[PDB]
Structures are given as structure tokens and as C-alpha cells.
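Q: My questions all concern the structure below.
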Amino acid sequence: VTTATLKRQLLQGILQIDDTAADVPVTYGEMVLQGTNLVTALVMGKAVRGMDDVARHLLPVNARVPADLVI
Amino acid sequence: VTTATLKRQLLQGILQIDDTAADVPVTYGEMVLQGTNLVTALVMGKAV
């Protein structure tokens with residue numbers, strides 16, 4: 001991240017531009033806190049994020065956008 | 001629960017017998033602590 005003047009200073013002779021477009025995710029992840037780590041949120045004061053998996057261990061679409069990628 | 005002579009003085013003319021047989025449970029309860037109360041015991045320090 002730069003200012004406009006330094007970016008114009010950098011794109012002239014120093015850094016060579018790779019691609020003028022990139023494809024980036026378009027969705028936030030989510031955390032819901034229901035099920036096994038809802039009772040422990042209310043009977044005790046704790047909770048674990050992957051409480052569906054970490055209890056088991058014991059016993060997507062993107063979009064192409066205009067960008068400016070340098071090497 | 002008494003001593004052996006208190007029984008002799010109580011069963012004589014004071015306390016009235018009703019029945020001479022009884023049925024009782026013959027197996028204890030059980031606690032296993034496995035499943036999701038094992039994870040709660042190992043990660044945090046509690047269990048229900």
C-alpha cells in the first residue's frame with residue numbers, strides 16, 4: 001500500500017507488472033456457536049470453535065476483478 | 001440402627017412389627033464419563 005505519487009514512481013521503470021486482473025474470494029466465513037458449544041457457553045463459561053470435529057477426533061466461489069499485480 | 005439389647009427392649013411391647021421381608025436394589029449406578037464430557041474434561045477443566 002502506497003500513495004498515488006509513489007505508485008506512479010514505481011510503475012515506470014522499477015517494478016514490472018505481471019497481470020492487470022486477479023480473482024479473489026467473494027464470501028465471508030461464518031461462526032454460529034450452536035449445538036455442543038452452546039451448553040458449555042451457558043453452564044460453564046467456555047466454548048471451542050471446531051467443537052463438532054475436536055470432539056470427534058477423540059474417540060467456495062470466487063470472482064475475477066480488475067487489479068494490478070507486480071513482481 | 002441400635003445395639004442388640006435395644007432391639008430386645010423395643011420389639012417387646014413398644015414398636016410393632018409390620019412385615020418380615022423386603023425387596024431392595026441389588027446393583028449400583030454407573031458413571032462412564034465418555035463422549036462429549038471427556039473432551040470437556042481434557043480441553044477445559046469441567047464436566048457434567
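Following the order of the C-alpha cells, chains are lettered A, B, ..., residues in each are numbered from 1, and ligands are numbered from 1.
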Tell me, as a count of residues only, which residues lie within 9 Å of segment 43-55 of chain A, counting only C-alpha atoms; anything in the same chain fewer than 6 positions away does not count.

A: 12

Q: Taking the DSSP secondary structure from the backbone, can you list the residues of chain B that are helix (DSSP H, G or I), as an MDAnalysis selection string?

A: chainID B and resid 4:13 36:42

Q: Deliver the residues from the most recent selection as a file, using N, CA, C and O atoms, as a PDB file, in the first residue's frame.

A:
ATOM      1  N   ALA B   4     -27.878 -54.742  70.252  1.00  0.00           N
ATOM      2  CA  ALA B   4     -28.697 -55.948  70.263  1.00  0.00           C
ATOM      3  C   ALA B   4     -29.707 -55.981  71.399  1.00  0.00           C
ATOM      4  O   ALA B   4     -30.737 -56.648  71.264  1.00  0.00           O
ATOM      5  N   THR B   5     -29.448 -55.292  72.511  1.00  0.00           N
ATOM      6  CA  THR B   5     -30.418 -55.279  73.599  1.00  0.00           C
ATOM      7  C   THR B   5     -31.488 -54.214  73.409  1.00  0.00           C
ATOM      8  O   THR B   5     -32.620 -54.398  73.876  1.00  0.00           O
ATOM      9  N   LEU B   6     -31.161 -53.106  72.741  1.00  0.00           N
ATOM     10  CA  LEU B   6     -32.196 -52.143  72.394  1.00  0.00           C
ATOM     11  C   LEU B   6     -33.251 -52.781  71.509  1.00  0.00           C
ATOM     12  O   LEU B   6     -34.440 -52.495  71.666  1.00  0.00           O
ATOM     13  N   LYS B   7     -32.838 -53.651  70.589  1.00  0.00           N
ATOM     14  CA  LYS B   7     -33.802 -54.407  69.801  1.00  0.00           C
ATOM     15  C   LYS B   7     -34.701 -55.255  70.688  1.00  0.00           C
ATOM     16  O   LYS B   7     -35.924 -55.286  70.486  1.00  0.00           O
ATOM     17  N   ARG B   8     -34.125 -55.945  71.673  1.00  0.00           N
ATOM     18  CA  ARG B   8     -34.914 -56.787  72.563  1.00  0.00           C
ATOM     19  C   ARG B   8     -35.905 -55.981  73.388  1.00  0.00           C
ATOM     20  O   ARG B   8     -36.998 -56.479  73.678  1.00  0.00           O
ATOM     21  N   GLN B   9     -35.550 -54.765  73.779  1.00  0.00           N
ATOM     22  CA  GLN B   9     -36.483 -53.948  74.550  1.00  0.00           C
ATOM     23  C   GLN B   9     -37.497 -53.229  73.671  1.00  0.00           C
ATOM     24  O   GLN B   9     -38.593 -52.908  74.140  1.00  0.00           O
ATOM     25  N   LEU B  10     -37.168 -52.982  72.405  1.00  0.00           N
ATOM     26  CA  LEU B  10     -38.092 -52.267  71.535  1.00  0.00           C
ATOM     27  C   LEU B  10     -39.111 -53.195  70.892  1.00  0.00           C
ATOM     28  O   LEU B  10     -40.289 -52.840  70.799  1.00  0.00           O
ATOM     29  N   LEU B  11     -38.692 -54.380  70.456  1.00  0.00           N
ATOM     30  CA  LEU B  11     -39.607 -55.325  69.836  1.00  0.00           C
ATOM     31  C   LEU B  11     -40.489 -56.043  70.844  1.00  0.00           C
ATOM     32  O   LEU B  11     -41.242 -56.939  70.455  1.00  0.00           O
ATOM     33  N   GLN B  12     -40.421 -55.675  72.121  1.00  0.00           N
ATOM     34  CA  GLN B  12     -41.169 -56.413  73.130  1.00  0.00           C
ATOM     35  C   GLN B  12     -42.589 -55.878  73.278  1.00  0.00           C
ATOM     36  O   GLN B  12     -43.564 -56.606  73.068  1.00  0.00           O
ATOM     37  N   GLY B  13     -42.727 -54.608  73.642  1.00  0.00           N
ATOM     38  CA  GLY B  13     -44.047 -54.059  73.878  1.00  0.00           C
ATOM     39  C   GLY B  13     -44.227 -52.628  73.425  1.00  0.00           C
ATOM     40  O   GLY B  13     -45.174 -51.957  73.849  1.00  0.00           O
ATOM     41  N   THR B  36     -18.790 -36.458  24.969  1.00  0.00           N
ATOM     42  CA  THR B  36     -18.511 -35.031  24.951  1.00  0.00           C
ATOM     43  C   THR B  36     -18.138 -34.478  26.320  1.00  0.00           C
ATOM     44  O   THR B  36     -17.696 -33.328  26.402  1.00  0.00           O
ATOM     45  N   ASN B  37     -18.307 -35.249  27.389  1.00  0.00           N
ATOM     46  CA  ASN B  37     -17.818 -34.848  28.698  1.00  0.00           C
ATOM     47  C   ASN B  37     -16.407 -35.340  28.957  1.00  0.00           C
ATOM     48  O   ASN B  37     -15.870 -35.105  30.042  1.00  0.00           O
ATOM     49  N   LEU B  38     -15.804 -36.034  27.992  1.00  0.00           N
ATOM     50  CA  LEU B  38     -14.370 -36.295  28.031  1.00  0.00           C
ATOM     51  C   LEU B  38     -13.594 -35.147  27.400  1.00  0.00           C
ATOM     52  O   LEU B  38     -12.576 -34.700  27.945  1.00  0.00           O
ATOM     53  N   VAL B  39     -14.061 -34.669  26.247  1.00  0.00           N
ATOM     54  CA  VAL B  39     -13.449 -33.504  25.616  1.00  0.00           C
ATOM     55  C   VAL B  39     -13.513 -32.302  26.547  1.00  0.00           C
ATOM     56  O   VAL B  39     -12.541 -31.550  26.681  1.00  0.00           O
ATOM     57  N   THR B  40     -14.652 -32.101  27.201  1.00  0.00           N
ATOM     58  CA  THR B  40     -14.786 -31.020  28.164  1.00  0.00           C
ATOM     59  C   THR B  40     -13.894 -31.218  29.379  1.00  0.00           C
ATOM     60  O   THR B  40     -13.563 -30.242  30.056  1.00  0.00           O
ATOM     61  N   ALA B  41     -13.463 -32.447  29.655  1.00  0.00           N
ATOM     62  CA  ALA B  41     -12.549 -32.661  30.765  1.00  0.00           C
ATOM     63  C   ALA B  41     -11.101 -32.432  30.364  1.00  0.00           C
ATOM     64  O   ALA B  41     -10.296 -31.981  31.186  1.00  0.00           O
ATOM     65  N   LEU B  42     -10.749 -32.731  29.117  1.00  0.00           N
ATOM     66  CA  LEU B  42      -9.369 -32.603  28.665  1.00  0.00           C
ATOM     67  C   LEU B  42      -9.018 -31.207  28.179  1.00  0.00           C
ATOM     68  O   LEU B  42      -7.893 -30.752  28.395  1.00  0.00           O
TER      69      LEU B  42
END

Q: Name all residues at most 10 Å from segment 14-29 of chain A (count only C-alpha atoms; drop same-chain ones fewer than 2 positions away) and give them as a PyMOL selection string.

A: chain A and resi 7+9-12+31+60-71

Q: Please run DSSP on the backbone and report, as a list in words, all residues within chain A that come out as strand (DSSP E or B).

A: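 Those residues are residues 17, 18, 19, 20, 21, 22, 23, 24, 25, 62, 63, 64, 65, 66, 67, 68, 69 and 70 of chain A.
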
Q: For the residues selected in the previous step, produce a file with C-alpha atoms as a PDB file, in the first residue's frame.

A:
ATOM      1  CA  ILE A  17       3.556  -5.524 -13.989  1.00  0.00           C
ATOM      2  CA  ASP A  18       2.569  -9.197 -14.091  1.00  0.00           C
ATOM      3  CA  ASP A  19      -1.212  -9.158 -14.595  1.00  0.00           C
ATOM      4  CA  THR A  20      -3.889  -6.479 -14.782  1.00  0.00           C
ATOM      5  CA  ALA A  21      -6.577  -8.663 -13.195  1.00  0.00           C
ATOM      6  CA  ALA A  22      -6.889 -11.102 -10.312  1.00  0.00           C
ATOM      7  CA  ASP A  23      -9.567 -13.459  -8.992  1.00  0.00           C
ATOM      8  CA  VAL A  24     -10.425 -13.059  -5.310  1.00  0.00           C
ATOM      9  CA  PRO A  25     -12.932 -14.683  -2.916  1.00  0.00           C
ATOM     10  CA  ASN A  62     -14.750 -16.509  -6.417  1.00  0.00           C
ATOM     11  CA  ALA A  63     -14.828 -13.687  -8.956  1.00  0.00           C
ATOM     12  CA  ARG A  64     -12.410 -12.072 -11.389  1.00  0.00           C
ATOM     13  CA  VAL A  65     -11.790  -8.398 -10.616  1.00  0.00           C
ATOM     14  CA  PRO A  66      -9.507  -5.672 -12.008  1.00  0.00           C
ATOM     15  CA  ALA A  67      -6.283  -5.437 -10.020  1.00  0.00           C
ATOM     16  CA  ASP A  68      -2.620  -4.541 -10.514  1.00  0.00           C
ATOM     17  CA  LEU A  69      -0.140  -7.298  -9.658  1.00  0.00           C
ATOM     18  CA  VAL A  70       3.614  -6.699  -9.722  1.00  0.00           C
TER      19      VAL A  70
END

Q: So how far away is atom CA of residue 34 of chain A from atom CA of residue 33 of chain B, in Å?

A: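 Pair atom CA of residue 33 of chain B / atom CA of residue 34 of chain A returns 22.3 Å.
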
Q: How many Å lie between atom CA of residue 3 of chain B and atom CA of residue 16 of chain B, rounded to one decimal?

A: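 Between these atoms lies a distance of 17.9 Å.
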
Q: Using Å and a single decimal, report how far atom CA of residue 48 of chain B sits from atom CA of residue 31 of chain B.

A: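 Separation of atom CA of residue 31 of chain B and atom CA of residue 48 of chain B: 10.7 Å.
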